[PDB]
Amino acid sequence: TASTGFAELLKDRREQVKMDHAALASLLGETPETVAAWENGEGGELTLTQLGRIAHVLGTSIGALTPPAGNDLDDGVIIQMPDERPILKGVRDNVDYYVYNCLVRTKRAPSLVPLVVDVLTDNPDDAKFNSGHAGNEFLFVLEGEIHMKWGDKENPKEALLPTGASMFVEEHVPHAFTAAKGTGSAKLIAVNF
């Protein structure tokens, strides 16, 4: 698969840049038989570094010589039951801030990371910001009331969101969440796409 895809993309690329097994090999200090081996599907044990060397000589990246993520769908769909969710308890400055209940994901859409996030803290004065992250994020308040903070960590804008509120935070925008003051905790669905 990785090995197979590599073999195909290696040949595709070698041929688009006008090299034969010899020129490529000569260029990489390998034997034509070796390079042919790789194109036969025997490149599985090539190291990350060697793959780098190969991509270099071929004027491209490892990515362009490796296959796409692959298909994990059943006739177009994938399902996840409520009790098979992976769980990570997020700590921020030695404080148990959030609990990430990871929802369904798919190799067909790598950037889709949907989550149910338990917001453990309920003291807006102590909101712990992140530094922003790549990818846009859609949020929805599943329950309780949320105190949202965003922008500059020292002088941030704020918003109090009741159950049912929907939000969007552009990529790289730093943000932090807590339950409404004294309400203990709240919950939300977060969709990174």
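Note that the rigid core is defined as the largest set of C-alphas that superpose within 1.5 Å between two forms. Start at 1 with the first residue shown and count on from there.
Query raised in the report: After fitting on the rigid core, which stretch moves more in 8 other deposited structures of this protein, 56 to 64 or 121 to 129, going by C-alpha RMS?
Result: This comes out as 121 to 129, the stretch further from the shown form in 8 other deposited structures of this protein.
Query raised in the report: Core-superposed in 8 other deposited structures of this protein, which stretch deviates more in Cα positions, 26 to 34 or 43 to 51?
Result: Comparing 26 to 34 with 43 to 51, the larger C-alpha deviation in 8 other deposited structures of this protein belongs to 26 to 34.
Query raised in the report: When the other entries of this protein are compared, is residue 94 unmodelled in at least a third of them?
Result: Missing in at least a third of the others, so yes.
Query raised in the report: Once you work out the mean C-alpha B-factor for both 87 to 95 and 71 to 79 from the entry, which is higher?
Result: Looking at the recorded C-alpha B-factors, 87 to 95 comes out higher on average.
Requested in this report: Taking the mean of the C-alpha B-factors per stretch from the entry, tell me the winner out of 33 to 41 and 131 to 139.
Outcome: If you average the C-alpha B-factors of 33 to 41 and of 131 to 139, the larger mean comes out for 33 to 41.
**Report entry** Criterion, highest CA B-factor; candidates, 22, 169, 179, 176
**Finding:** 22 has the highest C-alpha B-factor of those listed.
Query raised in the report: Against its chain's modelled residues, does residue 164's Cα B factor rank lowest, middle or highest third?
Result: Lowest third.
Query raised in the report: residue 27: which third of its chain by C-alpha temperature factor?
Result: It belongs to the highest third of the chain when residues are ordered by C-alpha B-factor.
Requested in this report: Give the position of residue 61 by CA B-factor within its chain, expressed as the lowest, middle or highest third.
Outcome: For residue 61, whose C-alpha B-factor we compare with every modelled residue in the chain, the answer is the lowest third.
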